[PDB]
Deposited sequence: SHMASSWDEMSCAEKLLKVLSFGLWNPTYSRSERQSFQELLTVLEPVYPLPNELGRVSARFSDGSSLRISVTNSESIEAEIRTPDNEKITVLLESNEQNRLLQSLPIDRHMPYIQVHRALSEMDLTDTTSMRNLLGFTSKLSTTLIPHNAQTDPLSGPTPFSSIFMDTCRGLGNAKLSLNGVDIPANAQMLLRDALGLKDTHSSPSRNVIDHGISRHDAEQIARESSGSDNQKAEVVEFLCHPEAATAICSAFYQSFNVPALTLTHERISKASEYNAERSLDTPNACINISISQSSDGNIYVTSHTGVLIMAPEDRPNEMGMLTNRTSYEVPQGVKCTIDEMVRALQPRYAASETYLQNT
């Protein structure tokens, strides 16, 4: 191997760390490698962060190996590597301008300018746009300040559109629960299980009080892709009221408001450049920790023109919204408004 003399003996977790140490965008990789490495990267999932952490990431690979990565507010990065035989090592990761390691993690950074990435294609094709968001959802973003005017939870009717948004979004989204992919057909089952039969529907009182029925959760998990163990985690997650809250809230259309204030002109230019446009794509990760903490990371991707410095370059604005869903918060508009405290971040990715 050109990566390491012991490459073929290394676990998925160990391989991903090596890839990131050389850099995801390393110029020596082949086309086939870039594909394989993306397949490792997509396993990364943002999860509930500890008190003084910018972010925390979990990856559970098909070979039984895993990573837990934490990033401190000073951007110190530490990883715990668990081998399939479940031995544990803790290592410090090193991010530098050569590898851009931190940029290849789903972490919200504090920066004066919006993070810019390069893709590894494009782009007016719905499938390719979804694939690009699949990638950018694993990369770093820049936190965006908001005020009373631009706060998605302000105004007279915050979250008022949430069930319509959920109804329209399920079936078209990329959705992961505890790292388990929920495919389109399973999402449609989930939509129905929430009670969202049409765009003007809202959850049943049973779902509000108890979450998805065990029967429905089992069918959804059955249609999802994972081991018998992975499906079990999904069923257990779904059968709680807070699971309904997390899933529905993740679709809120207005999470993009802070980012739009910075970018709407260039988004408009992209829409016009195409008239010479597939619309927003959605990619959501929800995880519940072993301590029971539910964390939502919801992404939307839209086409955007590069600044005038780079003429005729169209890329993707990725908006990341991150928040805990506290225990006891049921799936009603008033509950979401009362309890959810998201933060908003963005990146721009060009081909």
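Coordinate coverage of the deposited sequence breaks at 121 to 122, 279 to 282, 358 to 360, these segments carrying no C-alpha atoms.
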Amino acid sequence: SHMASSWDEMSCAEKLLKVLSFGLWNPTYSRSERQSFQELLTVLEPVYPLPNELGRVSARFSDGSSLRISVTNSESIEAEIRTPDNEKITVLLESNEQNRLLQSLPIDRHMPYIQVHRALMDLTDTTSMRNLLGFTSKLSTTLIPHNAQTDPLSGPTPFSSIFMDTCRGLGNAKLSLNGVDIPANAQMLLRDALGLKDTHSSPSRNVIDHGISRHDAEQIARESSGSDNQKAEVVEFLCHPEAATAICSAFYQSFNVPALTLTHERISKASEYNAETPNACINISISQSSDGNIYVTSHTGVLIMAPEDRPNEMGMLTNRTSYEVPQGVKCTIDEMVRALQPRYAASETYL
From here on, numbers count along this sequence of modelled residues.
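Comparing 201 to 209 with 250 to 258, the higher mean C-alpha B-factor in the PDB entry belongs to 201 to 209. Averaged over their C-alpha atoms, the temperature factors of 18 to 26 and 335 to 343 are higher for 335 to 343. Across the residues 131, 137, 263, 225, the deposited record lists the maximum Cα B factor for 225. Comparing C-alpha B-factors across 299, 60, 310, 56 in the deposited entry, the largest value falls on 310. When all modelled residues of the chain are sorted by CA temperature factor, residue 306 is found within the highest third.
Compared with the other modelled residues of the chain, the Cα B-factor recorded for residue 125 ranks in the highest third.
Split the chain's modelled residues into thirds by C-alpha temperature factor. Residue 273 is in the highest one. In this PDB entry, residue 143 carries a Cα temperature factor that places it within the lowest third of its chain's modelled residues. The PDB entry assigns residue 181 a C-alpha temperature factor belonging to the middle third of its chain's modelled residues.
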